[PDB]
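Before any questions on binding or motion, here is one chain by itself as structure tokens, the form solved without the ligand.
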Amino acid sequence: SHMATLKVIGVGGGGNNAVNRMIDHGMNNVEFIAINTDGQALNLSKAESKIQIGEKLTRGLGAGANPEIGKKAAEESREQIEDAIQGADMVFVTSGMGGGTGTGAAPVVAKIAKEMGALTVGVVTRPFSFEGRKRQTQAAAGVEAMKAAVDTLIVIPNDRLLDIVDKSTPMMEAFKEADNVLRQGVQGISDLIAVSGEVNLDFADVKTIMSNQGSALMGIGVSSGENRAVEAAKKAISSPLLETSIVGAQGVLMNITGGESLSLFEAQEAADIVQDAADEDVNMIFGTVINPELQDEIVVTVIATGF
């Protein structure tokens, strides 16, 4: 029997903010690593494993928007990064693009993870338009470098946060909504790995859907009542925060979890929703889990690739 090790690695300020908020919210069986040039921020990290990179280059400060310094910092700490990753079967690298440490170091961290044998997923933000064109261009180069280094990449443009707030929503509450993309994806995969299903999916199926694929979508939806399966499936695939929507997906892993009432008909309905929304002939990997503790709730987990 296989026991997959999942790790989440925050790189730079926004990545380490996401790690801190995920640890606060509560996650289990997931190991966290914080990587930064900024020593003061690392002192505030809740991560069990902390790597300060680039101290000779930055004297414990951030990289000051210089991605070449963030890249050199990570490269010069390769052995320390390898040691922290060793043993991971899957690594999620999260970082905010546009600055120096995230833009420059995150693609190096991802390359090291993949070289170490981990299935490597990047979840990164693009800067708000109000941060200006140069930051957006620098972030775009980081995204391209990430894409070349990971198995799959999920990009969250921060401008989409402006579509989900009202005029008073606290900035921190908006940031938590972006964190949910990563957190719910990690949780969904962790649950798929650990919980035996009646139509069982495991980590090998995650590897098949994700390995060397490029852009990806990861989503969870939960609903109850009439039309629950369709409603949960639509929620799983319809996040307003994503650069890569479901449209165009050629491969999908879909798991449905429900109670003993889970019907064959509604499983087909959920699968058809995903395929219809992809508007492609999708190569599906389908799973089902019966959790009797659940009563009327249904949970649909989707990972889509092949764009």
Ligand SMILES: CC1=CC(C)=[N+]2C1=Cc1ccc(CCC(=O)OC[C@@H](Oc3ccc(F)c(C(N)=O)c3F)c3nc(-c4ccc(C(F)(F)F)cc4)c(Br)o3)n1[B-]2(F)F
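Residue indices: 1-based, along the sequence shown.
Not pictured, yet referred to below: the form solved in complex with the ligand.
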* All of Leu201, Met218 and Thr301 with a heavy atom within 4.5 Å of the ligand in the bound PDB entry -> yes
* **Contact label in the bound PDB entry: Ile246 to the ligand, heavy atom within 4.5 Å** => no
* Might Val222 be said to contact the ligand in the bound PDB entry, defining contact as any heavy atom within 4.5 Å? -> yes
* To do: Report yes if any heavy atom of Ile81 sits within 4.5 Å of a heavy atom of the ligand in the bound PDB entry; otherwise report no.
  => no
* Any non-hydrogen atom of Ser239 within 4.5 angstroms of the ligand in the bound PDB entry -> no
* Note which of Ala229, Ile85, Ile189, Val108 lies within 4.5 Å of the ligand in the bound PDB entry, where distance is taken over heavy atoms; exactly one does. => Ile189
* Structure fact -> Partner contact check in the bound PDB entry: of 162-170, 72-80, 90-98, 140-148, the stretch with a heavy atom within 4.5 Å of the ligand is 90-98
* **Partner contacts for 153-168, taking the ligand in the bound PDB entry and a 4.5 Å heavy atom cut-off** => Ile154
